[PDB]
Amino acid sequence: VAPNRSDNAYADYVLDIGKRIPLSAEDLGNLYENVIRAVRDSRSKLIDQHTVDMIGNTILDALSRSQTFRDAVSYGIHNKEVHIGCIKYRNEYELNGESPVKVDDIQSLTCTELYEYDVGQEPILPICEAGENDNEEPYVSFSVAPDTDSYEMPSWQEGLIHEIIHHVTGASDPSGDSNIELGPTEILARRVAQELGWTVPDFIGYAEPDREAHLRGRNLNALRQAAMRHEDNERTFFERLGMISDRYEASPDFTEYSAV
């Protein structure tokens, strides 16, 4: 009666059901407050204030201007998936397997090492996923935010929304090595992007080589931009990043960037 969480058809199945109780002005008003709070409470797991702002602004803009996003969010709330206000955000990264880098610790990385090797050989990669901690509290881990007005911004925004859709609809990515279908999560993310005017490349498969290479490129660039935003505080930037990646609570006020 219901499509598999992995089938393309799951996308329209959840939207139709979400439409049944649409978000009212009051509902929306409360979701704004909830989102602000969750983003605020995410600060200890994010890299800088810029990323905090971009995450917050992106979600609020999506709730505000995307019918699809509202429907997906309303579905979650009314049909026993995740309430958007429960999701917190992280910038977890991991070491790359093929990287030749002298270091073996995120904390000891440098800006030069990000720019030294191109895609394939970069030192670290973001963990992009929708997961939960031991308390079953839902989180999104995602790339640090690129610069305002960077080429990478719309794709980064689309990918952030993608991860949120995993929690909020229960939708999954394709079952295997899918080169010709996006899966329901990406379909929904792409519809949101279209409604919001976020230009992204027109891929047809979740795992087609061109998509893989694009994400890799986008992520490396976002990270390089983030590191450069904190060039003066290089050592503490990477300390904060390794700390997040080691799942420790970092300063909610971004102490490691203060004048001290």
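Residue positions are given as counts along the sequence shown, with the first one as 1.
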Taking the recorded C-alpha temperature factors, which stretch has the higher mean, 98-106 or 151-159? 98-106
Please compare 181-189 with 111-119 and name the stretch with the higher mean C-alpha B-factor in the deposited structure. 111-119
Of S42, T199, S66, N233, which one's C-alpha B factor is largest in the deposited record? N233
Would you please rank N133 by its C-alpha temperature factor against the other modelled residues of its chain and give the third it falls in: lowest, middle or highest? highest
Here the Cα B-factor of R37, set against its chain, lands in the third termed highest
Entry-reported Cα temperature factor of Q49, expressed as the chain third it lands in: middle
Assert third(CA B-factor, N30) within chain per record equals highest
For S172, does the deposited CA B-factor place it in the lowest, middle or highest third of the chain? middle
